[PDB]
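Secondary and tertiary structure notes
Residues per chain are reported as follows:
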Amino acid sequence: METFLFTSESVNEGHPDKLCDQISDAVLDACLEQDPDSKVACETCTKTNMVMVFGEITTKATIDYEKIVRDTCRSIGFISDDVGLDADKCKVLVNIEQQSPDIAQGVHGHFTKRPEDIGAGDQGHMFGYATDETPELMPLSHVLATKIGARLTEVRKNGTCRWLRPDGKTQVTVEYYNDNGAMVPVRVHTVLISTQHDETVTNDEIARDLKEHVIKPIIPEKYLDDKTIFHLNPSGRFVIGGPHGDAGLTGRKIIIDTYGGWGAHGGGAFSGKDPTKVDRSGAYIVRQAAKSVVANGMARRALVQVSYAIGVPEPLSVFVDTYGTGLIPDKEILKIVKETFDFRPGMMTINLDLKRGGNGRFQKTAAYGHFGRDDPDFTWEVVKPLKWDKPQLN
Amino acid sequence: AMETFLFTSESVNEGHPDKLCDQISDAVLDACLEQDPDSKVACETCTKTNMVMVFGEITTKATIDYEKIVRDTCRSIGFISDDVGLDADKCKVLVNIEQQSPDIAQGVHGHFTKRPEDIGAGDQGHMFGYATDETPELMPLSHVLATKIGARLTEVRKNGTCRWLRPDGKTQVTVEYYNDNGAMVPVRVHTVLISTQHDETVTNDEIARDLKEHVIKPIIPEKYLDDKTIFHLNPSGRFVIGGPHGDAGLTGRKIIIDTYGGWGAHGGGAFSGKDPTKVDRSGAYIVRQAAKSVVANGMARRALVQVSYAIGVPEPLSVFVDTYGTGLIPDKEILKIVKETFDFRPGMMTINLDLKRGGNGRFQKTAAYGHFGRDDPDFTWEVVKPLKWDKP
Ligand SMILES: C[S@@+](CC[C@H](N)C(=O)[O-])C[C@H]1O[C@@H](n2cnc3c(N)ncnc32)[C@H](O)[C@@H]1O
Ligand SMILES: C[S@@+](CC[C@H](N)C(=O)[O-])C[C@H]1O[C@@H](n2cnc3c(N)ncnc32)[C@H](O)[C@@H]1O
Ligand SMILES: [K+]
Ligand SMILES: [K+]
Ligand SMILES: [Mg+2]
Ligand SMILES: [Mg+2]
Ligand SMILES: [Mg+2]
Ligand SMILES: [Mg+2]
């Protein structure tokens, strides 16, 4: 058994970049709840005692940008200068304008084009990935780092670890075997957690609590052994956190948002964008495509690329690769995927019901990742039946 | 019939508002390293209509005019009027820059007391380096053509060939590829796309003519072009409003365009506005050197290298090498050689690649047209290292 090490990280809801992603998606949800046809490109940035929302929104919604910022900051736990931002005292800056008329005519003819004619809202390329190594058909390295980060938030909010503050990051090194291009986890090599904390707790109590309350409950017993390496607040002190410790921006966690370094990324951020922004509706459809290929048993792993030009509905390219694990040739998987999914932006919006905001639909997507999640609002997680002849059947 | 697949990479030029932000961020870094090479810099930039903000964490002995660095960067790019999407002299410049968290500074560098081999990673994360023999710069052709078409787009605006051009432009190339036992062999350019900002003096037929004869045809090798290549030339039909005026920009929103255009992998960290204790940068720069050295020494046709860190720990938590079945020796041996040849500790990388020297736009030059595949001697991570191996 020749093995290799692969590492992915995560950050929880209180990381200053993820805070911005969550605020950006709070603004989106708010615009859509009132005006489903909202054009939203909402960017957020944060530093000590400052939040700025900026970019382009055309909506009929009545929005107060200041209340959405201050509410999002509050629910996450940023309620004093001690935890790294005070939702009720921080400066909130707004530089939001309507979408360029030049973009609006090409994309959606100023709200006049029919679904099937809606152009991509920008150029770019997006990838979808899926792997049979976990039930959610995601990479184990990403899934553990992410589920450890969610746990880290949960034990802060349920009172299991009262010493926790909101800002935390995780990283997991998984030791893998390649089985004919499929990825088979062997064991967890290294676990890293860095978490903000108050001045009541010793580093021995942090190490103990993280192993017992956060790590052992999330990682399957069979991947943990007495050689697994643990780094637990390795910097030795994490009291100052959130924006007070580090400025955050929307769209600076795009690998954490997706597959943790597995598959590929076309580089587009998701948060604060309505679904004419193919960066988001396009990546979601290619995840649904990649997942459907693995879930139907057509392959053990699959990577799908799509690409767009602004004002053009049809994709410029589509790629399927199954890393040698496909049970039919990759070009027939490409033909089945092209027959089965509509990559036109106006169609993707409707097929995935992405014009619904409210009940934090998108805000929920803006921490703990966009993919591998079971909430029915994650409509791109629903597997589509695919038509093919399985080698094993007559 | 030869089996092929389509792979698409994009680029943006120096007037893209996200890329403007990367070049401001890295202009700040330059100014800081030119006066104080031990400068700790995490300089973030964002921009919208008539507005640039610099923010984040700088500890430097340097005496810096942030406001003049912003304006001079906006000016040399060409944002000199509201008509081209930002005026370097009119716009509001906001600054929310403060000193690095002492909790980070103690753990990372012991407030400037830790020796190089003991220097902590400034953060956790992971970082990928890639190389492929398909071009002479050992970059993927999809990425190279998109990138070099965008740099030509800027060059024909500056040199006065196409006087209707404004600063903000995007490109995208779809390449048709043959898989030759894991090695990537480019067959042809399937689709070329350009969207460029433009004044009111030019017609769409003049744009499409000029973009093909002045911009595309000079850059793309003839052997890759044919009478079936698809060309999307300003497909939105109108691009007069541009720059920050048409789209908010942010530092670190072009990390794929900064790297390998969707080939290899990305750990998700941004480069621009960071000093070298930031393993996001020094980490990705050394794994590029390692990947490039494996391919350039003839050990493989393609190579991916991952490295990972924990904050405050000098040694990486993991390394992986994969050659996609092109390695002439087993990957576990290539890993052994890379570990023996490359020092991944952040204090060591900084000195070995000379990353503590800025000025003369050392980093500002990496903040557009990509950090890899360039032969400027300032790109010390492009220098190939000899590797000791026995060719089978
Ligand atoms: C280490 S900071 C990034 C570097 C920072 N811009 C600087 O000036 O060095 C990145 C993230 O690590 C976490 N972090 C902040 N302070 C930390 C500390 N003292 N120890 C460990 N992790 C910390 C927070 O999640 C923060 O957003
Ligand atoms: C189209 S904008 C992204 C979406 C935008 N935030 C919105 O409100 O729809 C992204 C980039 O496309 C380019 N762009 C801007 N205006 C354009 C136009 N009218 N036609 C084509 N490309 C344009 C610029 O490079 C800009 O930074
Ligand atoms: K930052
Ligand atoms: K934007
Ligand atoms: Mg960040
Ligand atoms: Mg983009
Ligand atoms: Mg952008
Ligand atoms: Mg990072």
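Residues numbered from 1 in each chain as written, not as in the entry; some residues may be left out. Chains lettered and ligands numbered in written order. Heavy atoms only, no water.

**Things to note about the coordination of the potassium ion (ligand 3)**
Geometrically, a metal with four donors at the corners of a regular tetrahedron has ideal angles of 109.5 degrees, and one with six donors at the corners of a regular octahedron has ideal angles of 90 or 180 degrees. Put simply, the test is: A 2.8 Å cut-off from the metal defines N, O and S donors, relaxed to 3.2 Å for Na, K and Ca; water is not in the atom list, so some sites may appear incomplete. Labels follow the DSSP assignment, with helices taken as runs of H or I lasting at least four residues and strands as runs of E lasting at least two, numbered in each case from the N terminus. With a 1.4 Å probe rolled over the protein chains alone, any residue whose accessible area is under 20% of its type maximum counts as buried; one over 50% counts as exposed, and the rest are partly exposed.
Within the protein, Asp246 of chain A (OD), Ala247 of chain A (O) and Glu44 of chain B (OE) serve as the donor atoms for the potassium ion (ligand 3), at 2.7 to 2.9 Å. If you look at the potassium ion (ligand 3) and the magnesium ion (ligand 5), they sit 3.5 Å from each other. Here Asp246 of chain A, found in the loop between α6 (242–245) and β11 (248–249), pairs with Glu44 of chain B, found in strand β2 (residues 40–48), and the two come from separate chains. Given a relative accessible area of 30%, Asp246 of chain A falls into the partly exposed group. Residue class for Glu44 of chain B comes out buried when judged on its relative accessible area of 10%.

**Regarding helix α4 (residues 141–158) of chain B**
The cut-off we apply is this: Every helix has an expected span of 1.5 Å times one less than the residues it contains.
Taking 1.5 Å of rise per residue, 18 residues should cover 26 Å, and α4 of chain B covers 25 Å from first to last C-alpha, within 8% of that figure. For α4 of chain B, the tally of buried residues reaches 14 of 18 residues, placing the bulk of the element in the interior.

**Re the interface of chain A and chain B**
Let me state the cut-off plainly: Note on definitions: a residue-residue contact is assigned when non-hydrogen atoms from the two residues lie within 4.5 Å. Take the accessible area each of two parts loses on contact, using a 1.4 Å probe, and add the two losses: that sum is the buried area. Within this document, salt bridges are pairs made up of a side-chain nitrogen of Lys or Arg and a carboxyl oxygen of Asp or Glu, the two lying within 4 Å of each other. Whenever two N or O atoms come within 3.5 Å, that pair is a polar contact, provided that in protein one can donate a hydrogen and the other can accept it, and provided that, for residues adjacent in sequence, both atoms are side-chain atoms.
At the interface, 78 residues of chain A touch 79 residues of chain B. Counting the surface lost from both chain A and chain B, the interface buries some 5,800 Å², and carbon and sulfur atoms represent 54% of this. For chain A, the biggest contributors to the area lost against chain B are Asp102, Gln123 and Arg252 of chain A; these three give 12% of the whole. Measuring nitrogen to oxygen at the nearest pair gives 3.9 Å for the salt bridge that ties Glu3 of chain B to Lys331 of chain A. Connecting chain A to chain B are 36 residue pairs in polar contact. If one sorts the elements of the side of chain A that touches chain B by residue count, strand β1 (residues 4–11) of chain A sits on top with seven residues.

**Re the site of ligand 1**
The cut-off we apply is this: It suffices for a single heavy atom of a residue to lie within 4 Å of a molecule or strand for the residue to be listed as near it. Residues are grouped as follows: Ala, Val, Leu, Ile, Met, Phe, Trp, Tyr, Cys and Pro are nonpolar; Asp, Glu, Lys and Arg are charged; all remaining types, including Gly, are polar.
Looking at ligand 1, there are 17 residues lining it, with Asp167, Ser235 and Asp246 of chain A together with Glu57 and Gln100 of chain B nearest. One of the side-chain N or O atoms of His15 of chain A is found 3.1 Å from an oxygen atom in ligand 1. Residue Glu57 of chain B places a side-chain N or O atom 2.8 Å away from a nitrogen atom belonging to ligand 1. Broken down by secondary-structure element, the contributors of at least two residues to the shell around ligand 1 are β8 (164–179) of chain A together with α3 (102–109) of chain B. Tallied by class, the residues present in the shell around ligand 1 amount to five nonpolar, four polar and eight charged.

**Quick word on the pairing of strand β12 (residues 302–309) of chain B**
Residues and elements named next belong to chain B. Stated precisely, the cut-off is as follows: Here, strands pair whenever DSSP counts at least two bridges between them.
Of all eight residues that make up β12, eight are buried, and the element is covered over most of its length. Along β12, one buried face is formed by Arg302, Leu304, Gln306 and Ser308 and the opposite face, lined by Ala303, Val305, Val307 and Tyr309, is buried too. Pairing between strand β7 (residues 125–132) and β12: eight bridges, direction antiparallel. Paired with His126 across the strands is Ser308, a residue of β12. Bridge count between β12 and strand β13 (residues 318–322): five bridges; the pairing is antiparallel. Following the sheet pairing, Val307 is matched in β13 by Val319.

**Quick word on the coordination of the potassium ion (ligand 4)**
Taken together, the protein donors to the potassium ion (ligand 4) comprise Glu43 of chain A (OE), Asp247 of chain B (OD) and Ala248 of chain B (O), at separations of 2.7 to 2.9 Å. If you look at the potassium ion (ligand 4) and the magnesium ion (ligand 7), they sit 3.5 Å from each other. Placement of the pair is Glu43 of chain A in strand β2 (residues 39–47) and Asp247 of chain B in the loop between α6 (243–246) and β11 (249–250), with the two residues belonging to separate chains. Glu43 of chain A gets classed as buried once you look at its relative accessible area, which sits at 8%. For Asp247 of chain B, a relative accessible area of 28% translates into the label partly exposed.

**Focus on the UniProt feature "binding site: K(+)" in chain B**
Filter applied, for reference: UniProt positions are given in the numbering used here, feature names are shortened, and annotations may be inferred rather than shown by experiment.
Taking the numbering used here, the UniProt-annotated feature "binding site: K(+)" corresponds to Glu44 of chain B. Once residues within four sequence positions are removed from consideration, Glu44 of chain B is found in contact with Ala247, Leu249 and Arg252 of chain A together with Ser25, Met53, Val54, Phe55 and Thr251 of chain B. Within polar-contact distance, the side chain of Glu44 of chain B engages the side chain of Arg252 of chain A at 2.8 Å.

**Concerning the sheet that holds strand β9 (residues 182–197) of chain A**
Residues and elements named next belong to chain A. Heads up, the rule is: Here an axis means a line fitted to C-alpha atoms, over the contact stretch when the element is a helix, while the angle between two N-to-C directions is reported on a 0 to 180 degree scale.
Strand order in the open sheet made by the four strands is β1-β8-β9-β10, with mixed pairing throughout. In this open sheet, the two strands that pair with only one neighbour each are β1 and β10 (229–232). Going across the sheet, the axis of each strand differs from the next one's by a mean of 20°, ignoring polarity. Packing of helix α4 (residues 140–157) onto the sheet brings it into contact with β1, β8 and β9, and relative to β8 it is tilted by some 155°.

**Overview of the pairing of β2 of chain B**
Regular strands have side chains that alternate between both faces of the sheet. Residues and elements named next belong to chain B. Most of β2 sits inside the fold, with nine of its nine residues counted as buried. Burial of β2 is two-sided: the residues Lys40, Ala42, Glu44, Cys46 and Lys48 facing one way and the residues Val41, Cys43, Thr45 and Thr47 facing the other way are all buried. The sheet contact formed by β2 and strand β3 (residues 51–59) spans nine bridges and is antiparallel. Bridge pairing links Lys40 to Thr59 in β3. Linking β2 to β3, which pair antiparallel, is a turn of two residues; within it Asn50 sits at a positive phi near 65°. Relative to β11, β2 runs antiparallel, the two being bridged by two bridges.

**Things to note about the pattern of salt bridges**
Pairs can form between side chains of opposite charge whenever their charged atoms are close. Scanning the model with the defined rule gives 69 salt bridges over all chains in all. Note that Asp378 of chain B is salt-bridged to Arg357 of chain B, the shortest N-O span being 2.8 Å. Here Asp378 of chain B is found in the segment after α9 (346–352), whereas its partner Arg357 of chain B is found in the segment after α9, with 21 residues between them in sequence. Overall, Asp378 of chain B belongs to the buried group, its relative accessible area being 15%. Members of the salt-bridge network, linked through shared partners, are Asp353, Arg356, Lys364, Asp375 and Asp377 of chain A.

**A closer look at the nonpolar core**
Where we set the bar: Grouping buried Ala, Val, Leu, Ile, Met, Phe, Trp, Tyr and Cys residues that are joined through side-chain atoms within 4.5 Å yields what is termed a nonpolar core.
In terms of nonpolar packing, the biggest core is built from 194 residues, with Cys73 and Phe343 of chain A together with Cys74 and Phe344 of chain B touching the most fellow members. Residues in contact with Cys73 of chain A, not counting those within four places in the same chain, are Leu19, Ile23, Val51, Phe78, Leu85 and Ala87 of chain A. Counting 12 residues, the second largest nonpolar core, distinct from the first, contains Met52 of chain A together with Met53, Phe55 and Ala248 of chain B.

**So, the packing of aromatic side chains**
To be explicit about the condition: In this analysis, rings of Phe, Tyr and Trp, with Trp reduced to its six-membered ring, are considered paired at centre separations within 6.5 Å, and the interplanar angle assigns stacked below 30 degrees, edge-to-face beyond 60, and tilted for intermediate values.
This structure, assessed with the given rule, holds 28 aromatic pairs over all chains. An angle of 55° between the planes, with centres 6.0 Å apart, marks the rings of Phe270 of chain A and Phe371 of chain A as tilted. You can see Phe270 of chain A sitting in the loop between β11 and α7 (278–295) and its partner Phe371 of chain A sitting in the segment after α9 (345–351), a full 101 residues away along the chain. Summarising the aromatic geometry, the rings of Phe271 of chain B and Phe372 of chain B are spaced 6.1 Å apart at their centres and angled 65° between planes, so their arrangement reads as edge-to-face.

**Structural notes on the sheet that holds strand β7 (residues 124–131) of chain A**
Strand pairing in a sheet relies on backbone hydrogen bonds, with the paired strands running either antiparallel or parallel. Residues and elements named next belong to chain A. Strand order in this open sheet of three strands is β7-β12-β13, and the pairing throughout is antiparallel. Of all strands in the sheet, those bounded by a partner on one side alone are β7 and β13 (317–321). Across this sheet, the average inter-strand angle for adjacent strands is 10°, counted without regard to direction. Relative to β13, strand β12 (residues 301–308) is paired through five bridges, and the arrangement is antiparallel.

**A few points about the environment of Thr251 of chain B**
Here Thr251 of chain B lies in the loop between β11 and α7 (279–296). Once the C-alpha coordinates of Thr251 of chain B and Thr191 of chain B are considered, the two residues, 60 residues apart in sequence, prove to be 29 Å apart. Apart from residues lying up to four places away in sequence, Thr251 of chain B is in contact with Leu249 and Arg252 of chain A together with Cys21, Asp22, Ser25, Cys43, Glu44, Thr45 and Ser272 of chain B. Side-chain polar atoms of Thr251 of chain B contact the side chain of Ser25 of chain B, separated by 2.7 Å.

**Quick look at the site of ligand 2**
For clarity, the threshold we go by: Note on areas: Shrake-Rupley with a 1.4 Å probe; residue coverage comes only from the protein chains shown.
Taken together, 18 residues sit near ligand 2, with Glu56 and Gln99 of chain A together with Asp168, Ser236 and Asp247 of chain B positioned nearest. Near ligand 2, residues from chains A and B are present, making the site a shared one. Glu56 of chain A places a polar side-chain atom, nitrogen or oxygen, 3.0 Å from a nitrogen atom of ligand 2. A distance of 3.0 Å separates an oxygen atom of ligand 2 from a polar side-chain atom of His16 of chain B. With the chains in place, 96% of the 580 Å² that ligand 2 exposes on its own is no longer accessible. Contributions of two or more residues to the shell around ligand 2 are made by α3 (101–108) of chain A together with β8 (165–180) of chain B. Grouping the amino acids of the shell around ligand 2 by side-chain chemistry returns six nonpolar, four polar and eight charged.

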